[PDB]
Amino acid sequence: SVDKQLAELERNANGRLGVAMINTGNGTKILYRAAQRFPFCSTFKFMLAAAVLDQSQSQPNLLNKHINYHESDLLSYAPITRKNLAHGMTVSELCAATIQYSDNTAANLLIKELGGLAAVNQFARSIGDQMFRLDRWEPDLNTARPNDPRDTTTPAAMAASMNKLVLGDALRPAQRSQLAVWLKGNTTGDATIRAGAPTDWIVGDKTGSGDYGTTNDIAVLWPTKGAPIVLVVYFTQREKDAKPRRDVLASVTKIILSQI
């Protein structure tokens, strides 16, 4: 029933759908195609910020490091780093921007500070995530080509990680809080998981879009009654210039929340 509705939603939507849900209330999970790979797109920015937060556990001054980025770093999609070209940004603001606005330059800048793509992989491995895999820099990583494993995860791996990172004990508390906070101030989420959620709830989220109408969102939801819930929804379609299907994410959320 739980399964049948998603399968039916996915049939109807003409794409492939990946859900994982974790109610940290009891400890129960709703999984649909949870072990299949999907192109994460901008959703990895979450993992990237966690990595930065992990590294700042050693480096008291990391978050406050002033970064003076150049003209040549700027990309098509970078409202915030564009706005502050001239004054530079702190690593910490870089994190807010990457999360809350999905700024690509900020991300590239942060990967470089961590010391490259493989440092995001290694952070992913050290938290038990064995599926996360970053292969290219922005903007090349949102091609979402059919059965291309580059730059993918599984819904389950991303839920487990978001769970450990935001609600578990992956991080120390100040770093943990910072992560939730960035998430809470996200500005790209109104139309996806937020839209399928009681308007009284509080949602922190990271979205993703890309080719093949890849539409993704990864969220913590703070309910009125009870414990936080982890929700990961990934979706992809037939054609390369497919338009996003945010509605599908809204409807998935609506389904999952009835069950609870």
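Don't overthink the numbering: it's just position in the shown sequence, from 1.
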{"item": "Which of 27 to 35 and 48 to 56 has higher mean CA B factor, as the PDB entry lists it", "value": "27 to 35"}
{"item": "Per the entry, higher mean C-alpha B factor between 67 to 75 and 94 to 102", "value": "67 to 75"}
{"item": "Residue with highest C-alpha B-factor in the PDB entry, from 158, 165, 111, 86", "value": "86"}
{"item": "Top Cα B factor in the deposited entry, candidates 141, 174, 180, 118", "value": "118"}
{"item": "Assigned third (lowest, middle, highest) for the C-alpha B factor of residue 130", "value": "highest"}
{"item": "Relative C-alpha B-factor of residue 219, binned into the chain's lowest, middle or highest third", "value": "lowest"}
{"item": "Residue 203, C-alpha B-factor rank within chain (lowest, middle or highest third)", "value": "lowest"}
{"item": "Cα B factor band for residue 21 (lowest, middle or highest third within the chain)", "value": "middle"}
{"item": "Ranked against its chain, the third holding the CA B-factor of residue 43", "value": "lowest"}
